[PDB]
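So this first bit is one chain, no partners, the form deposited in one PDB entry, shown in structure tokens.
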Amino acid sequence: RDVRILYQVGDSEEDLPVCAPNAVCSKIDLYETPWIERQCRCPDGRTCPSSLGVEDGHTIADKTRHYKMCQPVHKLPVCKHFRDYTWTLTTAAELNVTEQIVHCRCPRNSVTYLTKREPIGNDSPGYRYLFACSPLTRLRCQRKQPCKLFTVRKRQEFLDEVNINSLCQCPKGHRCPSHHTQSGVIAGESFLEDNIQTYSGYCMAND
């Protein structure tokens, strides 16, 4: 009974890998019909929370999603530096599995967004997706620093959801594009797993 439970690999706790330190153990999507996707098994002597709320102290709430941790979330530092990565999502070539390691927590009402993709590195073929926390206060943009990031999700055949994050203040004599097909915007990262596509907008010459 209760919430429909799926697994990123196989079809049961059995098929699941063991979690590394500070990894997401379960992903809860609460958009239409709430579902829980098991990522891994907690290294003992601990176990995965399954509450749909955030009261247990093991949950990171993020827009439309909840991420369950094995250890209490307060043991993680709060992020305060620029483009410190709140978490990284790694996907390996030969692995049927993906890991999401949390490095820090975004401050009150700061939303994560996909910012970078990069090769895992030496030994592993694959990619690493980087997420950061949106700025609490708005500063001046520098060259090559994006002022706007558009995240387009295909929710279904006939429903698209576009999140628009305003990152910094364009300098006098300049303005930031308002929609993602406008000029001064290029395609960023295309994380197909979540059916998302990112676009970055840069400060453009006025008029």
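The term rigid core refers to the most C-alpha atoms you can superpose between the two forms while keeping them within 1.5 Å. Throughout, we count residues from 1 along the sequence that is shown.
Quick note: we don't show the form deposited in another entry, though the next part is all about it.
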Could you tell me whether the Cα atom of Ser190 shifts by at least 2 Å between this form and the one not shown after core superposition? yes
Tell me whether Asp160 is among the residues that move between this form and the one not shown (Cα shift of 2 angstroms or more, core superposed). yes
Has the Cα of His66 moved 2 Å or more between this form and the one not shown, judged after a core fit? no
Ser190 to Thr88, Cα distance in the other form relative to here: closer or farther, by 3 Å or more? farther
With a C-alpha distance change of 3 Å or more, do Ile196 and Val54 lie closer or farther in the other form? farther
